Amino acid sequence: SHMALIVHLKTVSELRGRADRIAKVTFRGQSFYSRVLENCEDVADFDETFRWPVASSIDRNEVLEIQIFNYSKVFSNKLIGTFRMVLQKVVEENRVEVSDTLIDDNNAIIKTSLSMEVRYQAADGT
Ligand SMILES: [Mg+2]
């Protein structure tokens, strides 16, 4: 039927210290935020699914971006790291399991890692 990009953000691990955490996911300029996970130490089990209806099709070149922040209600969000992927493998195989490290604002690899599944599929389950 009509297709969608579906992103199941599972866990973010090897976090530093203790903080409320929040995730931001973006595709084609449309962003969603996860719920805030309060008082989280080294692993944030977001376990949240995000959906982008796609009117026509997705090209190999398009990018999915994930950003993870330290949240506090009276302060601006503080960026921890970013993950980007091109969607070539997702478009080809319909489903891709991601397990990888985040990148900081100087292109350096940090220990904080991300676990998620990315799908391109019929919205209705088929
Ligand atoms: Mg969910």
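- Method of determination, as given in the entry header: X-ray crystallography; reported resolution: 1.950 Å.

**Some thoughts on the packing of aromatic side chains**
Part 1: Going through the model one piece at a time under the given rule, you end up with 3 aromatic pairs.
Part 2: Aromatic side chains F32 and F50 sit 6.4 Å apart centroid to centroid with 25° between the ring planes, which places their arrangement in the stacked category. With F32 in strand β3 (residues 30-33) and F50 in strand β5 (residues 44-54), this pair connects stretches of sequence that are 18 residues apart.
Part 3: Taken together, the aromatic side chains of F27, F32, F50 and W52 make up a single cluster linked through ring pairs.

**As for the pattern of salt bridges**
Part 1: One pass over the full model with this rule turns up 9 salt bridges.
Part 2: For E117, the salt bridge goes to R95, with nearest N and O atoms at 2.7 Å. Of this pair, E117 sits in strand β9 (residues 109-122) while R95 is found in strand β8 (residues 95-103), placing the two residues 22 residues apart along the sequence.
Part 3: Connected via shared salt-bridge partners are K10, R95, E97 and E117.

**As for the pairing of β9**
In regular strands, side chains alternate between the two faces of the sheet.
Part 1: Relative to β9, strand β1 (residues 3-13) runs antiparallel, the two being bridged by 10 bridges. Paired with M3 across the strands is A122, a residue of β9.
Part 2: Note that β8 and β9 share 8 bridges and pair antiparallel. Within β9, the residue paired with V96 across the bridge is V118.

**Structural notes on the side chain of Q67**
Part 1: Mapping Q67 onto the fold places it in strand β6 (residues 63-71).
Part 2: In this structure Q67 comes out as buried when scored by relative accessible area, which is 16%.
Part 3: Side chain to side chain, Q67 and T82 meet in a polar contact 3.2 Å long.
Part 4: In this view, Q67 contacts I22, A23, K24, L79, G81 and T82; residues no more than four positions away in its chain are not counted.

Cut-offs applied
- Residues numbered from 1 in each chain as written, not as in the entry; some residues may be left out.
- Heavy atoms only, no water.
- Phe/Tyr/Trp six-rings, centres within 6.5 Å; stacked < 30°, edge-to-face > 60°.
- Helix = DSSP H or I, 4+ residues; strand = E, 2+ residues; numbered from the N terminus.
- Salt bridge = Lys/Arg side-chain N within 4 Å of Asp/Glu carboxyl O.
- Pairing = 2+ DSSP bridges.
- Buried < 20%, exposed > 50% of the residue type's maximum accessible area, 1.4 Å probe, protein only.
- Polar contact = N/O pair within 3.5 Å; in protein donor to acceptor, adjacent residues only side chain to side chain.
- Contact = heavy atoms within 4.5 Å.

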